[PDB]
């Protein structure tokens, strides 16, 4: 559907027209045309095929607008939009939009200040300039800076784990709206993508316009960017940018598929539908005018002749073909994970004592937790020395002797020196239950040298896991350059697992490299890199990554019970 695209063009013409000071009657007309297109559920093209008169049946559309609709559908553009685009630069428009701004304001801003982009705005805000620009006073000094921040974030992505819990708190409030029967967080978040744009929620309601109204008036909502009969876009007080879509209860499952995507997955499904004489839309699966499915997502998949496909797979990367052949991959699920294989303590950089870690693991129903404190080079600090590290192993053994399950594995996160040697001697490594190795320095070695360093680390027969292998930090540090094929192949041959560290700004291995490692036949270790007990919740992110990577419970260390894990760790491994 081109409905939203056309709504935007008309809206922009409205803004640009008012900026230029066109007839306020026309300005309002374009905005009313935009609302109509925003709210219109049936494809505009279907009404345009019926003629100019039929277009004119739509609220707000007269002869002038009906012709612009046809022009857009036939050419892909609207000359009037292109014309005002010649008079109106990009950032000047951007200034007028920045939530809380607008055209006439932006015109004094343009004429008065010389603003046809954004940096200038910022400049004026911080200096107090707008406090002296005619028509730019008090409570609005706040609003404009705030709007600017919202605009600048809308291009950008955040780590899934930075926003998932906040999204779920909004989900609780949405579910609690009177009139909402079901709701779910959809979009890329439901697919466990490691960074997300806006957050998208689907609601089932028999009274959609009233559900939108309750939604936009939630205590959590700061600013409404767009709203209509069945949809809205808002900004929360906490900054989250949120889209809502409402469908009737009979359509909920079709709405879940629609809003979860990916777009590429949905394109595949719509074609499968039409190939068997059906139409898949946000509102259901239809044979002619008859709705044959829609209420649950599994029903929708079934009507297309498919098993239900887990959201993390919905990327058009082989899952449609696997579903068609009745051979979806077996995927790791969160209840199968029996413990977390990288947690830190007060012995190094963690906030928690052994007792606190144990208590948290016990609450979570884990069988074990690996306490993997840093070797001395990781933290750029004197200890824990090799002697101290072994003293700690004894302390953890005594803790297990006095506590029982969940058992603590006495581990270490051992720094890899620039030359590939390890930051504890073998007499320490041999006594640890779990040896992780990782890069914490010299991140920018040439690719071939970084590869040699990692290969040398993998020569050590006491290593169990290559921890957070790329060392990336989302928003702060790029992945290290290394030949991952060479590294993973050596790890496989030596019996070393690779880690999926679900700590929210690490997400390392990333899904794509995890898919490569598992496809090459490696073992996988999941962890949260916890430095406080609140971090243990990130195991869901590591499992979501595993699902995106087509990883099953086979060859995942965390699915082994305690005894089988210890056996694996002690065993002759590799080729």
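Numbering follows the first chain given and starts at 1.
Subject >> Comparing 120-128 with 316-324, the one whose average Cα B-factor in the PDB entry is higher >> reply: So the stretch with the higher mean C-alpha B-factor is 120-128.
Original post:
Taking the recorded C-alpha temperature factors, which stretch has the higher mean, 499-507 or 218-226?
Top reply: That would be 218-226.
Subject >> Residue selected from 331, 174, 428, 109 by maximal Cα B factor >> reply: Reading the PDB entry, the winner on C-alpha B-factor is 109.
Original post:
Of 54, 514, 520, 37, which one's C-alpha B factor is largest in the deposited record?
Top reply: Result of the comparison over 54, 514, 520, 37: 54.
Original post:
With respect to C-alpha B-factor, does residue 42 fall in the lowest, middle or highest third of the chain as deposited?
Top reply: Its C-alpha B-factor belongs to the highest third of this chain's values.
Subject >> Third of the chain's Cα B-factor distribution that residue 399 belongs to, per the entry >> reply: CA B-factor rank for residue 399: middle third.
Original post:
Where does residue 385 sit by CA temperature factor within its chain: lowest, middle or highest third?
Top reply: CA B-factor rank for residue 385: highest third.
Original post:
When the modelled residues of the chain are sorted by Cα temperature factor, does residue 75 land in the lowest, middle or highest third?
Top reply: Highest third - that is where residue 75 ends up once the chain's C-alpha B-factors are sorted.
Original post:
Would the CA B-factor of residue 440 place it in the lowest, middle or highest third of its chain?
Top reply: Its C-alpha B-factor belongs to the middle third of this chain's values.
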